[PDB]
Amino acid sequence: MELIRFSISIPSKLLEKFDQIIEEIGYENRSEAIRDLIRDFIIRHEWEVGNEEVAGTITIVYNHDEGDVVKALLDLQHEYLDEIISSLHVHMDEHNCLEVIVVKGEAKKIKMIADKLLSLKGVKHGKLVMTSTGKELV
């Protein structure tokens, strides 16, 4: 392990606004928040360049009684057995379901999976979260 210390200059008003926000959110300090920003930036780049394995979640909401969304979802997912690990389903109300799908694999593959799921007519709301396997981070 090796820690590298360096200085940076940030616009004063920007910094002031930043400190006010992270405190409200709950961060213990500015250094921790900035390191978090740097990790986030690196994770995003990981989804852009390379073929390294990434991980993510796809959250969707739908009415299971509407059309054939339920069948369509299953068929799409079973087509990607290698990337989809598992999914959590919560029955919101008599008609609405919330489902979150955990995926692991190549970035381009996962983004296509999200495209197909989110573009389904029955899917009302949805969002792909791009994150990491943590293997290459800390």
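Take the two forms, find the largest set of C-alpha atoms that superpose within 1.5 Å, and that set is the rigid core. The first residue of the sequence shown is number 1, and the count goes up from there.
**Student:** Say the other structures are aligned on the rigid core; which stretch then has the higher CA RMS in 4 other deposited structures of this protein, 26 to 34 or 54 to 62?
**Tutor:** Once the core is superposed, the stretch further away in 4 other deposited structures of this protein is 26 to 34.
**Student:** Once everything is fitted on the core, do the CA positions of 97 to 105 or those of 43 to 51 lie farther from the shown form in 4 other deposited structures of this protein?
**Tutor:** Of the two stretches, the larger average C-alpha offset in 4 other deposited structures of this protein falls on 43 to 51.
**Student:** Could you settle it for me: does 82 to 90 or 64 to 72 have the higher average Cα B factor in the PDB entry?
**Tutor:** Here the higher of the two C-alpha B-factor means belongs to 64 to 72.
**Student:** May I ask you to compare 20 to 28 and 7 to 15 by their mean CA B factor in the entry and name the higher one?
**Tutor:** Higher of the two, by average CA B-factor, is 20 to 28.
**Student:** So where's residue 35 on the chain's Cα temperature factor ranking, which third?
**Tutor:** Lowest third, going by the recorded CA B-factors of the chain.
**Student:** Ranked by Cα temperature factor within the chain, is residue 46 in the lowest third, the middle third or the highest third?
**Tutor:** Tercile = middle for this residue's CA B-factor.
**Student:** Going by the CA temperature factor in the PDB record, which third of the chain does residue 132 belong to: lowest, middle or highest?
**Tutor:** Its C-alpha B-factor belongs to the middle third of this chain's values.
**Student:** If you rank the chain by CA B-factor, which third does residue 114 end up in: lowest, middle or highest?
**Tutor:** Tercile = lowest for this residue's CA B-factor.
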